[PDB]
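J.: Handing you a structure now.
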Amino acid sequence: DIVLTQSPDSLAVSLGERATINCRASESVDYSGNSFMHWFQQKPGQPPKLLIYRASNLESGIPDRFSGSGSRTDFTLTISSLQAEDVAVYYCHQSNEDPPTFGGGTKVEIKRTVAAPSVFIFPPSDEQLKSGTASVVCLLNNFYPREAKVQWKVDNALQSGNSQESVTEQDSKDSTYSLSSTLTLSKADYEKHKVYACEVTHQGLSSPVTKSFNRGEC
Amino acid sequence: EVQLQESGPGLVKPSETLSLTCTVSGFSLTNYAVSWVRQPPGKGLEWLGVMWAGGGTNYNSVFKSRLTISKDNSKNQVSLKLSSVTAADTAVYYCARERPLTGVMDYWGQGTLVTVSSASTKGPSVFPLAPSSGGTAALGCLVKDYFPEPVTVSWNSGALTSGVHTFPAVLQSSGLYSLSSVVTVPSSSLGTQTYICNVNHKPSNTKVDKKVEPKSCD
Amino acid sequence: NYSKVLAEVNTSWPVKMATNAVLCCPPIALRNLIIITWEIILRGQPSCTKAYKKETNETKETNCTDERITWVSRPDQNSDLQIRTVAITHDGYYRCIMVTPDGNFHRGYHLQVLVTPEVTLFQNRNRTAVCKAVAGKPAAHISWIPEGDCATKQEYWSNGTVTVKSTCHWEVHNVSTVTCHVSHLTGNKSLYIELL
Ligand SMILES: *[C@@H]1O[C@H](CO)[C@@H](O[C@@H]2O[C@H](CO)[C@@H](O[C@@H]3O[C@H](CO[C@H]4O[C@H](CO[C@H]5O[C@H](CO)[C@@H](O)[C@H](O)[C@@H]5O)[C@@H](O)[C@H](O[C@H]5O[C@H](CO)[C@@H](O)[C@H](O)[C@@H]5O)[C@@H]4O)[C@@H](O)[C@H](O[C@H]4O[C@H](CO)[C@@H](O)[C@H](O)[C@@H]4O)[C@@H]3O)[C@H](O)[C@H]2NC(C)=O)[C@H](O)[C@H]1NC(C)=O
Ligand SMILES: *[C@@H]1O[C@H](CO)[C@@H](O[C@@H]2O[C@H](CO)[C@@H](O[C@@H]3O[C@H](CO[C@H]4O[C@H](CO)[C@@H](O)[C@H](O)[C@@H]4O)[C@@H](O)[C@H](O)[C@@H]3O)[C@H](O)[C@H]2NC(C)=O)[C@H](O)[C@H]1NC(C)=O
Ligand SMILES: *[C@@H]1O[C@H](CO)[C@@H](O[C@@H]2O[C@H](CO)[C@@H](O[C@@H]3O[C@H](CO)[C@@H](O)[C@H](O)[C@@H]3O)[C@H](O)[C@H]2NC(C)=O)[C@H](O)[C@H]1NC(C)=O
Ligand SMILES: *[C@@H]1O[C@H](CO)[C@@H](O[C@@H]2O[C@H](CO)[C@@H](O)[C@H](O)[C@H]2NC(C)=O)[C@H](O)[C@H]1NC(C)=O
Ligand SMILES: *[C@@H]1O[C@H](CO)[C@@H](O[C@@H]2O[C@H](CO)[C@@H](O)[C@H](O)[C@H]2NC(C)=O)[C@H](O)[C@H]1NC(C)=O
C-alpha cells in the first residue's frame with residue numbers, strides 16, 4: 001500500500017498565473033525506468049478526467065498548458081497558465097503496486113476582482129402554505145470572494161437558527177460563487193408576521209443591502 | 001466511443017449486500033480489465049478491486065472479506081457485490097476501464113451514489129420560486145423533502161443551461177434533503193418565454209415537470 | 001488517437017559493432033507483471049532464455065553461454081536486456097515475453113549487426129579508377145557520377161562481412177572529375193577525385 005501525499009491540499013492562484021501541484025509517494029512507483037504516476041481532474045457532479053498518464057505523457061484532447069514531470073517518488077503537475085474552467089480537484093494515482101492508490105486531492109481556486117452579489121428574495125408558494133409550511137428563499141447571485149453573511153429579519157426581528165445555507169462551487173466562466181438561504185417556518189408562524197427581510201453583507205457592498213416583502217402583497 | 005455505465009439500487013439497508021453492474025460499450029471485456037473505485041461524500045478516491053481481462057481478480061485487502069467481483073463477456077457486464085454494509089459504505093461507485101500493462105484508468109462511468117440507511121425512500125415536492133415585480137429577473141424551483149440523494153434538475157428539458165445554478169442539497173432536521181435550482185433571465189422575456197424545471201429523483205422513480213410563472217395580485 | 005497494445009510485435013534492429021545495444025520490453029507496471037522472459041535465438045545455437053517470476057522472486061537463466069548478453073541490472077527493478085559490446089555472432093532474434101493477468105505480450109527484435117566498411121578511391125591505369133568498400137556488413141552499394149563502363153566484385157567472407165570493389169573506365173574525354181557514391185546503413189559516403 002503506497003501512500004501518495006499531495007501538496008498543497010488547496011491553492012488559490014490568480015487567473016492566467018502558473019499552478020504547480022506536487023505528489024510524493026512513500027515508495028518508488030517506477031519499473032524499467034517508467035514512472036507509473038497519473039494525474040486526474042474532477043469537477044463537481046462528474047467522474048475523474050485523465051490529464052496525464054505515466055508521469056509526463058499528455059492525453060488526447062487535453063490542453064497543452066497541462067504538463068507533468070518527475071520520477072521515483074516525487075512528481076509534479078503544472079498548469080502553465082490557469083484558466084477559469086480549470087477550477088477543480090486534482091488527484092495523483094499510482095498503478096505500479098497492488099493495490100492502486102490515489103492522492104488526497106488538491107483543490108484549485110481562482111483569485112479574481114471583487115464582485116457584489118445580486119440579492120433576490122422569494123416568498124413561499126400558496127401550495128406549500130396549503131400543506132402547512134412556509135419556505136422563504138434568499139438568493140445571492142454571482143459574487144467574489146466566497147465569504148458573505150445573510151441575516152433573516154421578520155418585522156425587524158433577528159431570526160435565530162431556523163434556516164440553512166448552500167453555496168455553489170466556483171463558476172467555470174466568471175469564477176464567482178452563488179448562495180441560497182432558506183428560512184423554514186410553519187404556516188401558523190408565517191401568518192403572524194408581516195414583513196420578511198433578508199439582510200446581506202459582502203465586500204462588494206459598501207453597506208448591507210436588504211430585500212424584503214410584505215406578506216399579503218406583491 | 002468507449003462508454004461505461006453503473007446500475008444500482010441507490011438505497012441499501014445496513015448489513016445487506018450492495019449489488020452494482022457496470023455495463024460497457026466500445027470495447028470487449030476479453031481484452032480490457034475493469035476496476036471499481038468509490039468516493040465517500042467529500043472524500044478522496046479508494047480502489048476496491050479489478051476484474052482482469054483474463055478472468056481473475058484482485059481485491060483491496062480492507063474489502064477482501066466482503067467484496068466479490070464477477071463479469072459476463074457475452075453481455076459486456078461486470079458485477080460488484082459488497083456484503084455486510086454499513087454507513088461507511090455510503091459512497092459514489094465508479095467503474096473504470098484499465099488499459100493493459102500500465103494500469104492507466106482512461107475511461108470512467110458517470111458514477112452511482114449508494115446510500116446505506118434503514119430509512120425509507122421518499123419522493124420530492126417541487127414548489128416555484130416565482131419572479132418578483134426590471135433589467136434582470138431570477139426564478140427557480142424548490143425541491144423539498146426527499147430521500148436519499150441525488151436529485152437532478154434541468155430547465156426547458158436542457159434547452160436552458162447558462163444562468164442556471166442548482167445548489168447542493170441540505171439535510172433538514174426532519175432527515176429529508178432539500179435543494180433549490182435558480183436561473184437568471186431578462187425581465188423582458190417573462191411574458192413570452194416559458195420556463196419549466198425538470199426534477200428527477202431516480203431512487204423513488206419520481207419525475208416532476210413544473211412551469212414557473214410570475215405570481216399576480218390574484 | 002490511441003490503439004490497443006498488440007500481442008505480437010516484431011522489429012528490425014540495426015546496431016553497429018562494438019557498441020552497447022539495449023533492448024527494451026514494452027512499458028509494464030509490476031502490478032501487471034507475473035513473468036518476464038527474454039528468449040534469445042542466435043543463428044544455429046540453442047535458445048537462451050532469461051526468466052523472472054515476480055511472485056516467487058526467482059531469476060532463472062537457461063542455455064545462456066554468452067556472458068555479454070545480460071540484464072541491464074536486475075529484473076526485479078528493470079526488464080531491459082543489453083549486449084555488452086556487439087559482435088557479428090550476435091545476429092539473431094531477441095524476444096521479450098510478458099505474462100500478465102490480461103494475457104501474454106511479445107516484443108521481438110530481429111537484430112542486425114552492422115560493420116562500417118573501409119572505403120577508398122584511387123586512380124589505377126590510363127583513365128580508370130577503383131572504389132572499394134572493404135569488409136563491411138551488409139554489402140555496400142557503389143555508383144559513379146558520371147557513369148562510366150564499370151565492373152563490380154563481391155567478396156563474401158566467412159566472418160559475415162563483404163568486400164565490394166568497383167573498377168570503372170572512362171574512354172570519353174568529356175570526363176575529368178569522378179565521384180564514387182558508396183551507399184551503406186552505417187553511413188553513406190562520397191569521394192571525388194581528378195582523373196589525372
Ligand atoms: C515474429 O518473429 C518470429 C521469429 O521469426 C516469428 O516466429 C516464427 O514464425 C515462423 C513462421 O510462422 C515459425 O515457423 C514454424 O516453425 C515450426 C517449428 O519450429 C521449430 O523449429 C524452430 C527452429 O529451431 C531450430 O533453430 C533454432 C535456432 O537456430 C535452434 O535453437 C533449434 O534447436 C533448431 O535447430 C524453433 O525456433 C521453434 O521453436 C518453438 O519453441 C520456441 C520456444 O518455446 C518458441 O519461441 C517458438 O515460437 C516455437 O514455438 C520450433 O521448435 C513449424 O512446425 C512450422 O511449420 C508450418 O509451416 C510449414 C511451411 O513453412 C508447413 O509446411 C508446416 O506444415 C507447418 O504448418 C513453421 O515453419 C517459427 O517457428 C517462429 N519462430 C519463433 C522463434 O518464434 C513470429 O511469427 C513473428 N510474428 C509476427 C506477428 O511478425
Ligand atoms: C538446451 O539446449 C539443448 C540443445 O540441444 C537442448 O537439448 C535438446 O533438447 C531436445 C528437446 O527439446 C532433445 O530432443 C529429444 O531427444 C531425445 C533423445 O535424444 C537423443 O537422440 C537425438 C537424436 O536426434 C540426439 O541428437 C541426442 O544427442 C540424443 O542421443 C528424443 O527421445 C526426443 O524425441 C527428442 O528428439 C535433444 O536431443 C536435446 N539435444 C541435446 C544435444 O541435448 C536442451 O533441452 C536445452 N535445455 C533446456 C532446459 O531446454
Ligand atoms: C572479417 O574478415 C575480413 C577478411 O579477412 C577482415 O578484413 C581485413 O581486416 C584487416 C585488419 O583490419 C585489414 O588489414 C589492415 O588494413 C589496414 C589498411 O590497409 C592496415 O593499415 C593494417 O595494418 C592492416 O593490414 C585487411 O585489409 C582487411 N581486408 C582483407 C581483404 O583482408 C575483417 O577485418 C574481418 N572483420 C571482423 C570484424 O572480424
Ligand atoms: C517475494 O519477495 C517479496 C518481498 O520482496 C515478498 O513480499 C512480502 O510478502 C508477505 C507475505 O506474502 C507480505 O506480508 C509482505 O508485505 C510482502 N512485501 C514485503 C515488502 O515484504 C514475497 O512474500 C516473496 N514471495 C514469496 C513467494 O515468498
Ligand atoms: C543513402 O543512399 C541511398 C541510396 O542512394 C538512399 O536511398 C534512396 O533514397 C531515395 C529517397 O528518395 C529513394 O527514392 C531510393 O529508392 C533509395 N534507394 C535505395 C537503394 O535505398 C538513402 O536515402 C541515402 N541516405 C541515407 C541516410 O541512408
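Naming scheme: A, B, ... for chains in displayed order of the C-alpha cells; residues 1 onward per chain; ligands 1 onward as shown.
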Need to verify the contact set: residue 45 (chain A), 12 Å, only C-alpha atoms, exclusion of same-chain residues closer than 5 positions in sequence. Can you return it as a list in words?

T.: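 Here the answer would be residues 88, 89, 168 and 169 of chain A; 39, 41, 42, 92, 110, 111, 112, 113, 150, 151, 152, 166, 167 and 168 of chain B.
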
J.: Generate a file of the selected residues that holds N, CA, C and O atoms, formatted as a short mmCIF file (atom, residue, chain, number, x, y, z; two decimals), in the first residue's frame.

T.:
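Generated file (out04.cif):
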data_model
loop_
_atom_site.label_atom_id
_atom_site.label_comp_id
_atom_site.auth_asym_id
_atom_site.auth_seq_id
_atom_site.Cartn_x
_atom_site.Cartn_y
_atom_site.Cartn_z
N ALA A 88 -10.94 22.95 -10.17
CA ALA A 88 -11.32 21.56 -9.95
C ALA A 88 -10.54 21.01 -8.76
O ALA A 88 -9.76 21.73 -8.14
N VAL A 89 -10.77 19.73 -8.44
CA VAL A 89 -9.87 18.97 -7.58
C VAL A 89 -9.00 18.09 -8.48
O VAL A 89 -9.48 17.54 -9.47
N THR A 168 -22.74 27.23 -4.26
CA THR A 168 -22.25 26.58 -5.46
C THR A 168 -20.72 26.63 -5.45
O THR A 168 -20.14 27.49 -4.81
N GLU A 169 -20.10 25.71 -6.20
CA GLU A 169 -18.66 25.76 -6.42
C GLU A 169 -18.37 26.91 -7.39
O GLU A 169 -19.28 27.48 -7.98
N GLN B 39 -16.00 6.76 -3.85
CA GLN B 39 -15.70 8.09 -3.36
C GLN B 39 -16.77 8.49 -2.35
O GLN B 39 -17.84 8.96 -2.74
N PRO B 41 -18.86 10.80 0.27
CA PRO B 41 -19.14 12.22 0.07
C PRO B 41 -18.05 13.13 0.63
O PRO B 41 -17.71 13.05 1.81
N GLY B 42 -17.48 13.97 -0.25
CA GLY B 42 -16.47 14.95 0.12
C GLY B 42 -15.18 14.31 0.63
O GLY B 42 -14.54 14.85 1.53
N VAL B 92 -20.18 7.22 -3.78
CA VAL B 92 -20.37 7.12 -5.22
C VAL B 92 -19.48 5.98 -5.72
O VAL B 92 -18.29 5.98 -5.41
N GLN B 110 -20.15 7.45 -15.25
CA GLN B 110 -20.64 8.69 -14.65
C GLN B 110 -20.72 8.56 -13.13
O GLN B 110 -20.62 9.56 -12.42
N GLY B 111 -20.92 7.33 -12.63
CA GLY B 111 -20.98 7.04 -11.20
C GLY B 111 -22.42 6.77 -10.77
O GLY B 111 -23.35 6.99 -11.54
N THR B 112 -22.57 6.26 -9.54
CA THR B 112 -23.88 5.99 -8.95
C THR B 112 -23.76 6.11 -7.43
O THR B 112 -23.00 5.36 -6.81
N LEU B 113 -24.48 7.07 -6.85
CA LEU B 113 -24.47 7.25 -5.41
C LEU B 113 -25.28 6.12 -4.77
O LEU B 113 -26.39 5.84 -5.21
N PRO B 150 -29.37 11.14 -5.12
CA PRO B 150 -29.42 12.53 -5.57
C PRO B 150 -30.71 12.95 -6.27
O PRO B 150 -31.59 12.13 -6.50
N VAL B 151 -30.78 14.25 -6.60
CA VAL B 151 -31.79 14.81 -7.47
C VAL B 151 -31.07 15.51 -8.62
O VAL B 151 -30.01 16.10 -8.42
N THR B 152 -31.65 15.43 -9.83
CA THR B 152 -31.16 16.19 -10.97
C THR B 152 -32.24 17.18 -11.42
O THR B 152 -33.42 16.84 -11.45
N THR B 166 -28.00 25.08 -9.87
CA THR B 166 -28.54 24.07 -8.98
C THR B 166 -27.61 23.98 -7.77
O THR B 166 -26.43 23.70 -7.93
N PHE B 167 -28.15 24.26 -6.58
CA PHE B 167 -27.37 24.27 -5.35
C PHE B 167 -27.26 22.86 -4.77
O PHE B 167 -28.14 22.03 -5.00
N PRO B 168 -26.20 22.55 -4.00
CA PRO B 168 -26.12 21.27 -3.28
C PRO B 168 -27.20 21.17 -2.22
O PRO B 168 -27.67 22.19 -1.69
#

J.: Return the neighbours of chain A among the residues of chain C, cut-off 6 Å, counting only C-alpha atoms, as a VMD selection string.

T.: chain C and resid 29 to 31 77 to 79

J.: Counting only C-alpha atoms, which residue out of C:193, C:28, C:9, C:97 sits closest to chain B?

T.: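 Checking each of C:193, C:28, C:9, C:97 against chain B, counting only C-alpha atoms, the winner is C:28.
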
J.: Within 7 Å of chain B, which residues of chain A show up when using only C-alpha atoms, listed as a VMD selection string?

T.: chain A and resid 46 to 47 50 53 95 99 to 102 104 to 105 122 125 166 to 168 218

J.: How would the residues just picked look written out with C-alpha atoms as a compact mmCIF listing (two decimals), in the first residue's frame?

T.:
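What landed in result04.txt:
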# COMPACT_ATOMS: atom_id res chain seq x y z
CA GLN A 46 -18.56 14.48 -12.72
CA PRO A 47 -16.12 11.49 -12.67
CA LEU A 50 -7.37 11.69 -17.09
CA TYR A 53 -0.54 9.23 -17.87
CA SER A 95 -0.56 1.84 -10.62
CA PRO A 99 -3.37 -2.07 -4.55
CA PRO A 100 -3.54 1.04 -6.79
CA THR A 101 -3.76 4.12 -4.54
CA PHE A 102 -4.85 7.74 -5.04
CA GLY A 104 -5.63 13.04 -1.03
CA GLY A 105 -6.69 15.65 -3.61
CA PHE A 122 -38.73 34.65 -2.97
CA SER A 125 -45.97 29.32 -2.76
CA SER A 166 -25.87 26.32 0.47
CA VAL A 167 -23.08 27.51 -1.86
CA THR A 168 -22.25 26.58 -5.46
CA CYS A 218 -46.95 41.68 -4.37

J.: At a cut-off of 7 Å, can you tabulate as a Markdown table every residue of chain C near chain B together with its closest atom pair and the distance in Å to one decimal, using only C-alpha atoms and ordering rows by chain then number?

T.:
| residue | atom | partner | partner_atom | distance |
| --- | --- | --- | --- | --- |
| C:27 | CA | B:102 | CA | 6.7 |
| C:28 | CA | B:101 | CA | 4.7 |
| C:29 | CA | B:102 | CA | 5.3 |
| C:32 | CA | B:101 | CA | 5.6 |
| C:101 | CA | B:54 | CA | 5.7 |
| C:102 | CA | B:53 | CA | 4.6 |
| C:103 | CA | B:54 | CA | 6.3 |

J.: Go ahead and dump the residues you just picked, N, CA and C atoms, as a PDB file, in the first residue's frame.

T.:
ATOM      1  N   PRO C  27       6.359  -0.919 -21.921  1.00  0.00           N
ATOM      2  CA  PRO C  27       6.112  -0.395 -20.577  1.00  0.00           C
ATOM      3  C   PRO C  27       5.103  -1.265 -19.828  1.00  0.00           C
ATOM      4  N   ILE C  28       5.474  -1.693 -18.613  1.00  0.00           N
ATOM      5  CA  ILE C  28       4.655  -2.578 -17.797  1.00  0.00           C
ATOM      6  C   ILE C  28       4.848  -2.223 -16.325  1.00  0.00           C
ATOM      7  N   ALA C  29       3.737  -2.159 -15.579  1.00  0.00           N
ATOM      8  CA  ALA C  29       3.776  -1.986 -14.135  1.00  0.00           C
ATOM      9  C   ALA C  29       4.073  -3.334 -13.487  1.00  0.00           C
ATOM     10  N   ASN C  32       1.068  -5.554 -12.982  1.00  0.00           N
ATOM     11  CA  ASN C  32       0.602  -6.317 -14.131  1.00  0.00           C
ATOM     12  C   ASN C  32       1.544  -7.478 -14.465  1.00  0.00           C
ATOM     13  N   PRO C 101      -1.992 -10.870 -16.059  1.00  0.00           N
ATOM     14  CA  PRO C 101      -3.377 -11.311 -15.876  1.00  0.00           C
ATOM     15  C   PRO C 101      -4.269 -11.126 -17.104  1.00  0.00           C
ATOM     16  N   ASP C 102      -3.974 -10.090 -17.905  1.00  0.00           N
ATOM     17  CA  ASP C 102      -4.723  -9.778 -19.115  1.00  0.00           C
ATOM     18  C   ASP C 102      -4.386 -10.780 -20.221  1.00  0.00           C
ATOM     19  N   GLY C 103      -3.095 -11.104 -20.382  1.00  0.00           N
ATOM     20  CA  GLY C 103      -2.669 -12.123 -21.331  1.00  0.00           C
ATOM     21  C   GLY C 103      -1.149 -12.189 -21.463  1.00  0.00           C
TER      22      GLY C 103
END

J.: List all protein, DNA and RNA residues that have an atom no more than 12 Å from any atom of ligand 1, counting only C-alpha atoms and all ligand atoms, and report them as an MDAnalysis selection string.

T.: chainID C and resid 6:12 37:49 62:64 91:97 105:111

J.: Within 9 Å of residue 165 (chain A), counting only C-alpha atoms, which residues qualify if same-chain residues fewer than 2 places away don't, as a list in words?

T.: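 Skipping anything fewer than 2 positions along the chain leaves residues 150, 163, 167, 179, 180, 181 and 182 of chain A; 170 of chain B.
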
J.: Give me, please, the distance in Å between CA of residue 168 (chain C) and atom 36 (N, counted along the ligand's line) of ligand 3, quoted to one decimal.

T.: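 Here the two named atoms are 26.1 Å from each other.
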
J.: List all protein, DNA and RNA residues that have any atom at most 10 Å from ligand 4, counting only C-alpha atoms and all ligand atoms, and write the list as a VMD selection string.

T.: (chain A and resid 1) or (chain C and resid 53 to 58 76)

J.: May I have the selected residues written with N, CA, C and O atoms, as a PDB file, in the first residue's frame?

T.:
ATOM      1  N   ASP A   1       0.863  -1.216   0.000  1.00  0.00           N
ATOM      2  CA  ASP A   1       0.000   0.000   0.000  1.00  0.00           C
ATOM      3  C   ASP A   1       0.884   1.245   0.000  1.00  0.00           C
ATOM      4  O   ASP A   1       1.338   1.685   1.056  1.00  0.00           O
TER       5      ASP A   1
ATOM      6  N   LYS C  53      10.251 -14.745 -12.476  1.00  0.00           N
ATOM      7  CA  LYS C  53       8.976 -14.861 -11.784  1.00  0.00           C
ATOM      8  C   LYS C  53       8.978 -13.897 -10.599  1.00  0.00           C
ATOM      9  O   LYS C  53       9.838 -13.991  -9.725  1.00  0.00           O
ATOM     10  N   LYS C  54       8.008 -12.974 -10.590  1.00  0.00           N
ATOM     11  CA  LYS C  54       7.943 -11.907  -9.605  1.00  0.00           C
ATOM     12  C   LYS C  54       7.379 -12.445  -8.292  1.00  0.00           C
ATOM     13  O   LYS C  54       7.900 -12.134  -7.220  1.00  0.00           O
ATOM     14  N   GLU C  55       6.300 -13.237  -8.393  1.00  0.00           N
ATOM     15  CA  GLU C  55       5.616 -13.784  -7.231  1.00  0.00           C
ATOM     16  C   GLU C  55       6.578 -14.613  -6.379  1.00  0.00           C
ATOM     17  O   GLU C  55       6.569 -14.476  -5.157  1.00  0.00           O
ATOM     18  N   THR C  56       7.416 -15.441  -7.028  1.00  0.00           N
ATOM     19  CA  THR C  56       8.297 -16.378  -6.342  1.00  0.00           C
ATOM     20  C   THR C  56       9.721 -15.830  -6.189  1.00  0.00           C
ATOM     21  O   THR C  56      10.562 -16.516  -5.614  1.00  0.00           O
ATOM     22  N   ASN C  57       9.991 -14.614  -6.696  1.00  0.00           N
ATOM     23  CA  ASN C  57      11.264 -13.918  -6.522  1.00  0.00           C
ATOM     24  C   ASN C  57      12.417 -14.716  -7.136  1.00  0.00           C
ATOM     25  O   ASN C  57      13.509 -14.763  -6.571  1.00  0.00           O
ATOM     26  N   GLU C  58      12.174 -15.305  -8.314  1.00  0.00           N
ATOM     27  CA  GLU C  58      13.094 -16.247  -8.931  1.00  0.00           C
ATOM     28  C   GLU C  58      13.564 -15.671 -10.262  1.00  0.00           C
ATOM     29  O   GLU C  58      12.732 -15.328 -11.096  1.00  0.00           O
ATOM     30  N   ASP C  76      13.918  -7.507 -11.177  1.00  0.00           N
ATOM     31  CA  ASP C  76      13.038  -7.005 -10.130  1.00  0.00           C
ATOM     32  C   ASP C  76      12.928  -5.478 -10.191  1.00  0.00           C
ATOM     33  O   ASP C  76      11.929  -4.928  -9.733  1.00  0.00           O
TER      34      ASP C  76
END

J.: Would you give me, as CSV, each residue of chain C having an atom within 12 Å of an atom of ligand 3, along with its shortest atom pair and that distance in Å to one decimal, using only C-alpha atoms and all ligand atoms and sorting by chain and residue number?

T.:
residue,atom,partner,partner_atom_place_in_ligand_line,distance
C:16,CA,ligand 3,38 (C),11.0
C:17,CA,ligand 3,38 (C),8.0
C:18,CA,ligand 3,38 (C),9.4
C:86,CA,ligand 3,38 (C),10.5
C:87,CA,ligand 3,38 (C),7.6
C:88,CA,ligand 3,38 (C),7.0
C:89,CA,ligand 3,38 (C),10.0
C:113,CA,ligand 3,38 (C),10.3
C:114,CA,ligand 3,38 (C),9.8
C:115,CA,ligand 3,38 (C),7.1
C:116,CA,ligand 3,38 (C),9.4
C:117,CA,ligand 3,33 (C),9.3
C:118,CA,ligand 3,18 (C),7.9
C:119,CA,ligand 3,18 (C),10.0
C:120,CA,ligand 3,19 (O),9.8
C:132,CA,ligand 3,31 (C),10.4
C:133,CA,ligand 3,29 (N),9.9
C:134,CA,ligand 3,29 (N),6.2
C:135,CA,ligand 3,7 (O),5.2
C:136,CA,ligand 3,36 (N),8.0
C:137,CA,ligand 3,38 (C),9.0
C:138,CA,ligand 3,38 (C),11.8
C:154,CA,ligand 3,31 (C),11.4
C:155,CA,ligand 3,31 (C),8.6
C:156,CA,ligand 3,4 (C),8.8
C:157,CA,ligand 3,2 (O),5.8
C:158,CA,ligand 3,2 (O),7.0
C:159,CA,ligand 3,1 (C),5.0
C:160,CA,ligand 3,1 (C),6.9
C:161,CA,ligand 3,1 (C),5.6
C:162,CA,ligand 3,3 (C),7.8
C:163,CA,ligand 3,31 (C),7.1
C:164,CA,ligand 3,31 (C),10.2
C:165,CA,ligand 3,31 (C),10.7

J.: In Å, rounded to a single decimal, give me how far CA of residue 173 (chain C) is from atom 18 (N, counted along the ligand's line) of ligand 5.

T.: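 Atom 18 (N, counted along the ligand's line) of ligand 5 sits 29.5 Å away from CA of residue 173 (chain C).
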
J.: Output the neighbourhood of ligand 5 as an NGL selection string, that is, all protein and nucleic acid residues with some atom at most 9 Å from the ligand, counting only C-alpha atoms and all ligand atoms.

T.: :C and (141 or 143 or 181-189)

J.: Can I get the selection written as a short mmCIF file (atom, residue, chain, number, x, y, z; two decimals), in the first residue's frame, with N, CA and C atoms?

T.:
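Wrote it out as result.cif, contents follow:
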data_model
loop_
_atom_site.label_atom_id
_atom_site.label_comp_id
_atom_site.auth_asym_id
_atom_site.auth_seq_id
_atom_site.Cartn_x
_atom_site.Cartn_y
_atom_site.Cartn_z
N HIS C 141 26.68 -0.62 -51.54
CA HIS C 141 26.34 -0.41 -52.94
C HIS C 141 27.14 0.79 -53.45
N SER C 143 28.12 3.41 -56.76
CA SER C 143 27.77 4.00 -58.04
C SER C 143 28.70 5.18 -58.35
N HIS C 181 30.10 6.90 -55.09
CA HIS C 181 28.95 7.04 -54.20
C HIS C 181 28.68 5.71 -53.49
N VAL C 182 29.27 5.55 -52.30
CA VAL C 182 29.13 4.33 -51.51
C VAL C 182 27.91 4.46 -50.60
N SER C 183 26.98 3.51 -50.73
CA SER C 183 25.71 3.52 -50.02
C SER C 183 25.69 2.40 -48.98
N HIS C 184 25.64 2.76 -47.70
CA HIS C 184 25.68 1.78 -46.62
C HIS C 184 24.88 2.29 -45.41
N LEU C 185 24.35 1.34 -44.63
CA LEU C 185 23.47 1.61 -43.50
C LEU C 185 24.23 2.31 -42.37
N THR C 186 25.52 2.01 -42.19
CA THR C 186 26.35 2.69 -41.20
C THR C 186 26.50 4.17 -41.56
N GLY C 187 26.51 4.48 -42.86
CA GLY C 187 26.52 5.85 -43.34
C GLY C 187 26.94 5.91 -44.81
N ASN C 188 26.21 6.71 -45.60
CA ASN C 188 26.57 6.98 -46.98
C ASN C 188 27.85 7.81 -47.02
N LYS C 189 28.63 7.64 -48.10
CA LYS C 189 29.94 8.27 -48.24
C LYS C 189 30.16 8.61 -49.71
#

J.: According to DSSP computed on the backbone, where in region 46-208 of chain A is there helix (DSSP H, G or I)? Give the residues as a list in words.

T.: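 Of region 46-208 of chain A, the ones in helix (DSSP H, G or I) are residues 84, 85, 86, 126, 127, 128, 129, 130, 131, 187, 188, 189 and 190 of chain A.
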
J.: Export N, CA and C atoms of the chosen residues as a PDB file, in the first residue's frame?

T.:
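Result file follows (result31.pdb):
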ATOM      1  N   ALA A  84     -10.241  29.809 -16.240  1.00  0.00           N
ATOM      2  CA  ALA A  84     -11.409  29.827 -15.374  1.00  0.00           C
ATOM      3  C   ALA A  84     -12.002  28.428 -15.200  1.00  0.00           C
ATOM      4  N   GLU A  85     -11.971  27.608 -16.267  1.00  0.00           N
ATOM      5  CA  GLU A  85     -12.584  26.283 -16.259  1.00  0.00           C
ATOM      6  C   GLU A  85     -11.732  25.267 -15.492  1.00  0.00           C
ATOM      7  N   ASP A  86     -10.441  25.569 -15.286  1.00  0.00           N
ATOM      8  CA  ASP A  86      -9.504  24.655 -14.645  1.00  0.00           C
ATOM      9  C   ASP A  86      -9.712  24.524 -13.129  1.00  0.00           C
ATOM     10  N   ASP A 126     -48.398  29.300  -2.586  1.00  0.00           N
ATOM     11  CA  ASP A 126     -49.690  29.030  -1.973  1.00  0.00           C
ATOM     12  C   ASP A 126     -49.831  27.532  -1.696  1.00  0.00           C
ATOM     13  N   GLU A 127     -49.298  26.700  -2.611  1.00  0.00           N
ATOM     14  CA  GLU A 127     -49.282  25.247  -2.487  1.00  0.00           C
ATOM     15  C   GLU A 127     -48.714  24.797  -1.146  1.00  0.00           C
ATOM     16  N   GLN A 128     -47.527  25.322  -0.817  1.00  0.00           N
ATOM     17  CA  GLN A 128     -46.765  24.886   0.340  1.00  0.00           C
ATOM     18  C   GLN A 128     -47.488  25.295   1.619  1.00  0.00           C
ATOM     19  N   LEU A 129     -48.039  26.519   1.622  1.00  0.00           N
ATOM     20  CA  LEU A 129     -48.835  27.025   2.731  1.00  0.00           C
ATOM     21  C   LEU A 129     -50.059  26.141   2.965  1.00  0.00           C
ATOM     22  N   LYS A 130     -50.638  25.599   1.883  1.00  0.00           N
ATOM     23  CA  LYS A 130     -51.760  24.672   1.971  1.00  0.00           C
ATOM     24  C   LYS A 130     -51.352  23.409   2.739  1.00  0.00           C
ATOM     25  N   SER A 131     -50.131  22.908   2.492  1.00  0.00           N
ATOM     26  CA  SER A 131     -49.596  21.744   3.190  1.00  0.00           C
ATOM     27  C   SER A 131     -49.098  22.102   4.595  1.00  0.00           C
ATOM     28  N   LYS A 187     -46.913  27.412   8.771  1.00  0.00           N
ATOM     29  CA  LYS A 187     -47.931  28.306   8.232  1.00  0.00           C
ATOM     30  C   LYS A 187     -48.471  29.211   9.341  1.00  0.00           C
ATOM     31  N   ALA A 188     -48.725  28.621  10.519  1.00  0.00           N
ATOM     32  CA  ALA A 188     -49.192  29.343  11.695  1.00  0.00           C
ATOM     33  C   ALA A 188     -48.282  30.534  12.000  1.00  0.00           C
ATOM     34  N   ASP A 189     -46.978  30.260  12.151  1.00  0.00           N
ATOM     35  CA  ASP A 189     -45.987  31.269  12.500  1.00  0.00           C
ATOM     36  C   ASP A 189     -45.766  32.248  11.347  1.00  0.00           C
ATOM     37  N   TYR A 190     -45.819  31.747  10.102  1.00  0.00           N
ATOM     38  CA  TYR A 190     -45.640  32.582   8.923  1.00  0.00           C
ATOM     39  C   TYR A 190     -46.674  33.708   8.910  1.00  0.00           C
TER      40      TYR A 190
END
